[PDB]
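Given next are the chains, with one letter for each unit.
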Amino acid sequence: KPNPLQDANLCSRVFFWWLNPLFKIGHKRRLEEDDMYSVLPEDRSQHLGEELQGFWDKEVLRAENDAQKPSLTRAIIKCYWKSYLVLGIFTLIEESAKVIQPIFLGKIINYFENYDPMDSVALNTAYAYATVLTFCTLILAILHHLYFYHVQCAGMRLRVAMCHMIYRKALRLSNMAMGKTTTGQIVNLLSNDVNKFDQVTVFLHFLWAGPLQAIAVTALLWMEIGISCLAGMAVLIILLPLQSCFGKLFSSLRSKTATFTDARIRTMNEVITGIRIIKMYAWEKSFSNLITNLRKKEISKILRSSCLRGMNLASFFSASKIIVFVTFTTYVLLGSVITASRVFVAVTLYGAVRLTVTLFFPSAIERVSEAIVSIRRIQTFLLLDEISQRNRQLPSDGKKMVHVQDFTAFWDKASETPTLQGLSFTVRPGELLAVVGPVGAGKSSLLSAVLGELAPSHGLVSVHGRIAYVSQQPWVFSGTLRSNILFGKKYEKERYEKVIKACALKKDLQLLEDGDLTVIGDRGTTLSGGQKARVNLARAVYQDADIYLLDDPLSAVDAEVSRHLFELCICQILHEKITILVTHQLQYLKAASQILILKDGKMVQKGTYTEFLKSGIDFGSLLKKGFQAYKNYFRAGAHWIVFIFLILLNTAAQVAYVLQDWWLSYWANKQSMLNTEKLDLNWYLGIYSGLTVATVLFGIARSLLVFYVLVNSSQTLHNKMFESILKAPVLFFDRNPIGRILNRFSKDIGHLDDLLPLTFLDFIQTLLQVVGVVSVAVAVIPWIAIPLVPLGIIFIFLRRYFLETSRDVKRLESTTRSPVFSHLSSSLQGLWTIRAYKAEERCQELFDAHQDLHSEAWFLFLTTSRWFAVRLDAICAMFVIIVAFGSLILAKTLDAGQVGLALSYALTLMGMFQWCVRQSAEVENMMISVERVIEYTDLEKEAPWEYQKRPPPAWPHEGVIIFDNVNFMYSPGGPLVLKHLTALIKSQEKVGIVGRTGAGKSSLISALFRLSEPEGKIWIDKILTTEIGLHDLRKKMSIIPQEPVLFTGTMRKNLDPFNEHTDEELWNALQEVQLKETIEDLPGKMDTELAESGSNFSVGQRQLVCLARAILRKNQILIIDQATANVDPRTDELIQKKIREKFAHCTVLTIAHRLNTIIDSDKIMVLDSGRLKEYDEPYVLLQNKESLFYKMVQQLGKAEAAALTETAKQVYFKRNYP
Ligand SMILES: Nc1ncnc2c1ncn2[C@@H]1O[C@H](COP(=O)(O)OP(=O)(O)OP(=O)(O)O)[C@@H](O)[C@H]1O
Ligand SMILES: Nc1ncnc2c1ncn2[C@@H]1O[C@H](COP(=O)(O)OP(=O)(O)OP(=O)(O)O)[C@@H](O)[C@H]1O
Ligand SMILES: O=c1[nH]cc(F)c(=O)[nH]1
Ligand SMILES: [Mg+2]
Ligand SMILES: [Mg+2]
């Protein structure tokens, strides 16, 4: 991958010519890492990191010498100033040209108003001034982009060096430092804060260019016009504190609305998660009411924020007109006269100085402040303590011995109890030493202390040679499994075969698709704990070390793999090297050569297994303690009348803005065509003031109207799509994951609320300004129309060409920015294992490779943007030059003011055109959010909540249930879960459900509740179920679900959301719940707000609340879903006794995984994969030995079978023969 920047002439380099092959490839097909362009060797991360290491270490040596604090800022400056000053020189000369251009404009105009048809020397001077103006425009619009690239490349180099520094420091930090900090912040700053370096460098050079430019412009204007320069500069400067005040107010309002935004996101996540339960309880009306209220409360604040944003933007639009109006009002009232030169000189100078002062200086100052904060945080992290080096790399002469004497170490020095006390043990190669103790006694602490990560407070420790160690928690860095096993060591086929046959990993190889080359992501999401432990053991054994340390490696695996691993990896292999192992399994201690008992940090007994057996101490005892999107989006706002009014207001404001300078030109022309008689100042000043105030008012009104319409459209879209999704069937929510359905609630709507209105308004404003300037340029000289068509077609083709390649780069960089973060996270998580081996330069090298790839993506992203910018500026400069030369060529018929207006607007098209193009690209890129929202607008709807045929309020009188050829089906074109159910359910009877967790169980509940449209005929009290509205059906059929889930809020709403009960009834029912005393201790008597899903409550309390809601809704027909899964037997017997003592007159359908709760049931469905097999009394069912219910009973055993038979028979005799 050669870098063409190596072979690039300066003429080609300035024009960015070398990117032509890459852009041709991007047009032909897509982009990928293969098409990537390798970075310059100087741009590599390793060299920058080495330089920054040298400089930072030098300054910290200086700081230690001088007895003072260090300075990352000082190090960075002393590293980069010598190579950053030349770009400052270049920006100085560029700004000199930028400020000298209007003087040449004034000279050319000065030629115009003194026209002489027969003169030639004046025309030659005019051409000379025009061509030096061409030089000025070309140098402003050509070399500026190369300077910008070099500035941003210096910033990128700085960011890369800082990242390499922070990773290198993180990989070599101490245990106390890790305890103080966390893996979250340490990746958070590297992901967010360091990115300020790629933005601060861009505006940095304007700190020393702003005031100098302002002073130069002020001096020029003081020379040109007179006293009005002070007034103009004062008005322009007063804008800045106003900008700061609006920024502060907007930030405060955004912080105020953030809490409402977070509350809405949290509650909508909650309803999405608990959507099956909320659908089965028919509280979606209350939830929709709450969401609507919160949405209105949020929309008020965001409407205020949008209004403030629009006011700020309109004030920006009218600032230049206000400044020039004040300046010229002072100019005329002082007693001076108006010509056609000074007018446009002042206008252009104001444009330039206003742009610099308002758009660059404050952004530069705030980015510098943010970068200083970033450097302060980075140095705060960097000055953290470091692990003391041990025995350098390897000076020892092998010394294959391990010894520990009088060892007492502290995990923390502040604690009073040493973790381990007075360790004394030595081990030799070929010894199978082991340690056994209670969980948490410090065996892992002993292992780590041997690893050297624990500072020896007392005694001596001597371990020599490279060490292989396995952590208790499995760790695998993301990548190919072969790479994880190899650890970076060279590949040996026979060794890999021996390891793979010894570790019994062939099963994992054949299970995984790629086998040995399978890709594993973060935290081993593609594998299991046992597989990860086996992988770690395989890596350790392949390392082929001398001292082996294992921390409970066989705990999270089965017996066969554990015995195979232990035997055929130690008993015939590790009997020659140093082996220290800790196990919670006592079976393997027979083969252990040495065994130690450790508890309370002190040794108890060390010896052989037979010696411990003779001692009589029990180890076990010790172990136990497009366009249509635009059309719909704009229609959702308001009717087209408001749209045409808005476009008319846009046109009126733009025409007034142009007419202000046109009136200046007309005033200059009329003054020139004179002669004493004096022009009536009142008329012209009044018309000028009227035009200026019209511009300001129309801009304000336009911005407010645009924001109002867009915000109203967003609100209407959100309401419509939420109302649509709330009525969506459960199939949509089963198919779409929770994260996917919440993404368009938390992100797309957010963008539609706070970014699309402003961005669209800014784009339309810039487009109107550009089209107005071009219209002026055409109107002044009608002949400029001819080149305009080729210019436009060339621009359109260029935009398409650049956009067909920019998207690929912008997505490739985003994709490539994640692996560095993943690598940092995984390496930090496995830091103990990483430092156990001497190998860390390899980890540094892979980090360097990932950083190089990310920097390569950044480099291409920079170069493509610079190429597009230079092409656009070339076109704009061509326009400027053609306007100027046409004006000079046809000067015999024009006049000074008209020419000046034309050429000044041609001058100011610079930057405006670029901003318009960039904002158009951003808008067409980000429209995808409302595309997703409108896609969510029209999900399919279920049956209407209320039918025309309203059921009688008294139904059900009895509760007879009829199943007639009932077939349930999860989705169309899917398996038939239920097959022709035919049964009758009488009034006030108890029905059980048997079988297995493969018969459907919940399928019947889904059919009755109609989560999905079923097939067949079901009659409830001689009424066909399909003819009852969903709210008129589910409201009168209660259920206690799989997992009870309480909802965020108070108990009052969380029990009776629709509020048809009384406080006395609430307290009474809660008293029979027996949680009344449990709840009458909270800060609120009954209004205490609960945590998420009752985190402070127990599952039994959840079940009690559910049965409370059931008894309060007191419908005849109820269903219970596996009331006990892992609940304590006390709360179990409570819930069964309540359910059997409160529902004597209520029909109940019971489903459960255990027969004891349903052995007393009068009747039972026998279900098998949706097929009804038997239906009779349970004792009659078990009377037949061939019955499947009897087989299920006999599966458990005999004594429980006998008890169930006794209970069923006594129920049968008591009921049938009273
Ligand atoms: N980062 C740490 N800071 C303080 N103490 C620690 C740290 N890591 C481990 N420990 C100590 O290690 C013990 C917890 O280890 P663990 O529960 O894994 O059992 P163990 O007795 O060390 O050995 P084994 O893992 O073999 O069962 C506690 O004594 C705890 O204080
Ligand atoms: N969300 C789902 N989408 C599609 N099929 C499903 C879904 N949930 C379950 N199934 C399938 O439907 C059948 C029965 O579903 P279910 O899991 O309710 O049965 P069960 O185990 O007998 O009951 P329970 O869920 O009460 O334990 C099985 O084949 C199961 O794989
Ligand atoms: O010409 C411009 N340059 C930079 C900007 F941010 C902007 O709005 N306009
Ligand atoms: Mg431990
Ligand atoms: Mg199931």
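- For this entry, the PDB record names cryo-EM as the structure determination method and reports a resolution of 3.9 Å.

- Per the PDB entry, the protein chain goes by the name ATP-binding cassette sub-family C member 4 and belongs to Homo sapiens.
- Recorded in UniProt for the protein chain, the comment headed Cofactor runs: "Mg(2+)".

### Regarding the packing of aromatic side chains
Item 1. All told, the structure shown has 42 aromatic pairs when counted by the stated rule.
Item 2. Judged by centre distance (5.8 Å) and plane angle (80 degrees), the rings of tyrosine 491 and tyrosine 496 are edge-to-face.
Item 3. Of the residues examined, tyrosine 491 reaches a relative accessible area of 36% and is grouped as partly exposed.
Item 4. Residue classification places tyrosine 496 among the buried residues on the basis of a relative accessible area of 8%.
Item 5. When the ring of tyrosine 609 is compared with that of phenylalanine 619, the centres are 5.8 Å apart and the planes differ by 15 degrees; the resulting orientation is stacked. Here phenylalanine 619 lies in helix α23 (residues 619-623) and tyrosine 609 lies in helix α22 (residues 609-615), a separation of 10 residues in the sequence.
Item 6. Here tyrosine 609 falls in the buried class, since its relative accessible area comes to 16%.
Item 7. Taken together, the ring pairs in this structure connect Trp662, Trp663, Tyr666, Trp667 and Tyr684 into an aromatic cluster.

### Here we look at the site of ligand 2
Item 1. The local shell around ligand 2 consists of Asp734, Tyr970, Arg996, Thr997, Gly998, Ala999, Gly1000, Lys1001, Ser1002 and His1153.
Item 2. At 2.4 Å, a side-chain N or O of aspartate 734 approaches a nitrogen atom of ligand 2.
Item 3. In the environment of ligand 2, an oxygen atom lies 2.6 Å from a nitrogen or oxygen atom belonging to the backbone of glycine 1000.
Item 4. Here ligand 2 loses 57% of its free accessible area of 620 Å² to cover by the protein chains.
Item 5. Looking at the shell around ligand 2 residue by residue, the classes come out as two nonpolar, five polar and three charged.

### Overview of the UniProt feature "binding site: ATP 1" in the protein chain
Item 1. Mapped onto this numbering, the UniProt entry annotates "binding site: ATP 1" at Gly437, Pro438, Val439, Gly440, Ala441, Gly442, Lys443 and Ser444.
Item 2. Here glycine 437 falls in the buried class, since its relative accessible area comes to 8%.
Item 3. Ignoring sequence-local partners within four residues, the contact set of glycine 437 consists of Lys443, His584, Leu598 and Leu623.
Item 4. If you trace the backbone, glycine 440 turns up in the loop between β3 (432-436) and α16 (443-451).

### So, the sheet that holds strand β13 (residues 981-985)
Item 1. With respect to topology, four strands assemble into an open sheet ordered β13-β12-β15-β16, the strand pairing being antiparallel. Edge strands, defined here as strands with exactly one partner in the open sheet, are β13 and β16 (1023-1024).
Item 2. Sheet topology places strand β12 (residues 961-967) next to strand β15 (residues 1015-1020); five bridges connect them, and they run antiparallel. Directly across from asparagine 967, in β15, lies its bridge partner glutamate 1015.

### Points about the environment of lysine 78
Item 1. As for its position among the elements, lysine 78 is in helix α4 (residues 72-113).
Item 2. In sequence terms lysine 78 and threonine 610 are 532 residues apart; their C-alpha atoms lie 70 Å from each other.

### Points about helix α40 (residues 1099-1113)
Item 1. Over its 15 residues, α40 runs 21 Å from end to end, which matches the ideal 21 Å to within 8%, given 1.5 Å per residue.
Item 2. Judged by how many residues are buried, α40 sits mostly within the fold: 12 of 15 residues are covered.
Item 3. Three or more residues of α40 are buried, namely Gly1100, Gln1101, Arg1102, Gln1103, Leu1104, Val1105, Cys1106, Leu1107, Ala1108, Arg1109, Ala1110 and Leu1112.
Item 4. With a side-chain oxygen positioned 3.3 Å from the backbone nitrogen of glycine 1100, the residue opening α40 is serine 1098.

### Brief notes about the nonpolar core
Item 1. Among the nonpolar cores identified, the biggest contains 133 residues, and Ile108, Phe112, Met162 and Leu903 are the most heavily contacted of them.
Item 2. Counting residues per element, this core draws most heavily on helix α32 (residues 841-889), at 18 residues.
Item 3. Filtering out sequence-adjacent residues up to four positions away, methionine 162 remains in contact with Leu52, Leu72, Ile76, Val194, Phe197 and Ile378.
Item 4. Formed by 83 residues, the second largest nonpolar core is a distinct cluster that contains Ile291, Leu726, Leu1004 and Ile1028.

### Here we look at the site of ligand 3
Item 1. Neighbouring residues of ligand 3: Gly911, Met912 and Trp915.
Item 2. In the environment of ligand 3, an oxygen atom lies 3.2 Å from a nitrogen or oxygen atom belonging to the backbone of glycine 911.

### Section: the pattern of salt bridges
Item 1. On inspection of all chains with the given rule, the structure shows 33 salt bridges.
Item 2. Between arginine 159 and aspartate 198 there is a salt bridge, with the nearest N and O atoms lying 2.9 Å from each other. Of this pair, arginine 159 sits in helix α6 (residues 143-171) while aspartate 198 sits in helix α9 (residues 197-204), and the two are 39 residues apart along the sequence. Judged on exposure class, the residue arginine 159 and its partner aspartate 198 are both buried.
Item 3. Its salt-bridge partner being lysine 1142, residue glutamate 1141 comes within 2.8 Å of it at the nearest N-O pair.
Item 4. Looking at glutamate 1141, the relative accessible area reads 40%, which means it is partly exposed.

### Quick look at the pairing of strand β11 (residues 602-607)
Item 1. The sheet contact formed by strand β10 (residues 594-599) and β11 spans five bridges and is antiparallel. Each bridged residue has a counterpart across the sheet, and for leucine 596 the counterpart in β11 is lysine 606.
Item 2. In textbook terms, the turn of a hairpin is the stretch between consecutive antiparallel strands, and for β10 and β11 this stretch comprises two residues, one of which, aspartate 600, has a positive phi near 55 degrees.

### Thoughts on unusual backbone geometry
Item 1. In this model, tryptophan 955 is joined to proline 956 through a cis peptide bond whose omega is 0 degrees.
Item 2. Turning to its location among the elements, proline 956 is positioned in the loop between α34 (928-937) and β12.
Item 3. At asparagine 391, a position not held by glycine, the phi torsion is positive, near 45 degrees.
Item 4. Mapped onto the fold, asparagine 391 is located in the loop between α15 (361-382) and β1 (402-409).
Item 5. At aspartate 544, a residue that is not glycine, the phi angle is positive and equals roughly 60 degrees.

### A look at the environment of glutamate 813
Item 1. On the secondary structure map, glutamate 813 appears in helix α30 (residues 785-829).
Item 2. Through-space distance from the C-alpha of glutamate 813 to that of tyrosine 936 is 29 Å; in sequence the pair is 123 residues apart.
Item 3. Setting aside chain neighbours within four positions, we find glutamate 813 in contact with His854, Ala857 and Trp858.

### Remarks on a nonpolar patch on the surface
Item 1. On the surface, a nonpolar cluster with roughly 740 Å² of combined accessible area is contributed by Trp640, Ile641, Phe643, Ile644, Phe645, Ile647 and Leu648.
Item 2. Within the secondary structure, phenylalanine 645 sits in helix α25 (residues 640-672).
Item 3. Residue classification places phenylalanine 645 among the exposed residues on the basis of a relative accessible area of 51%.

### Section: the side chain of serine 448
Item 1. Inspection of the secondary structure puts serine 448 in helix α16.
Item 2. At 2.8 Å, the side chain of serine 448 forms a polar contact with the backbone oxygen of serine 445.
Item 3. With residues up to four places along the chain from it excluded, the contact list for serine 448 reads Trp411, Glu453 and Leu454.

### Section: the sheet that holds strand β20 (residues 1163-1168)
Item 1. A sheet is described by the order of its strands in space; here six strands give the open sequence β17-β18-β19-β14-β20-β21, paired in mixed fashion. Only two strands of the sheet have a single neighbouring strand rather than two, namely β17 (1038-1040) and β21 (1171-1176). Strand-to-strand twist in this sheet, taken as the mean axis angle between neighbours without regard to direction, amounts to 20 degrees.
Item 2. Where strand β14 (residues 990-994) and strand β19 (residues 1147-1151) come together, two bridges link them in parallel fashion. Bridge assignment links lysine 990 to a residue of β19, and that residue is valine 1148.

Calculation criteria
Residues numbered from 1 in each chain as written, not as in the entry; some residues may be left out. Chains lettered and ligands numbered in written order. Heavy atoms only, no water. UniProt positions renumbered as here; feature names shortened; annotations may be inferred. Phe/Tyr/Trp six-rings, centres within 6.5 Å; stacked < 30°, edge-to-face > 60°. Buried < 20%, exposed > 50% of the residue type's maximum accessible area, 1.4 Å probe, protein only. Helix = DSSP H or I, 4+ residues; strand = E, 2+ residues; numbered from the N terminus. Near = heavy atom within 4 Å. Polar contact = N/O pair within 3.5 Å; in protein donor to acceptor, adjacent residues only side chain to side chain. Areas by Shrake-Rupley, 256 points an atom, 1.4 Å probe, with all protein chains shown as cover. Nonpolar A, V, L, I, M, F, W, Y, C, P; charged D, E, K, R; others polar. Contact = heavy atoms within 4.5 Å. Pairing = 2+ DSSP bridges. Expected span 1.5 Å × (residues − 1). Core = buried A, V, L, I, M, F, W, Y, C linked by side-chain atoms within 4.5 Å. Salt bridge = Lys/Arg side-chain N within 4 Å of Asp/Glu carboxyl O. Patch = residues over 30% accessible without salt bridge, like charges linked within 9 Å, V, L, I, M, F, W, Y side chains within 5 Å. Axes fitted to C-alpha atoms, helices over the stretch in contact; angles between N-to-C directions.

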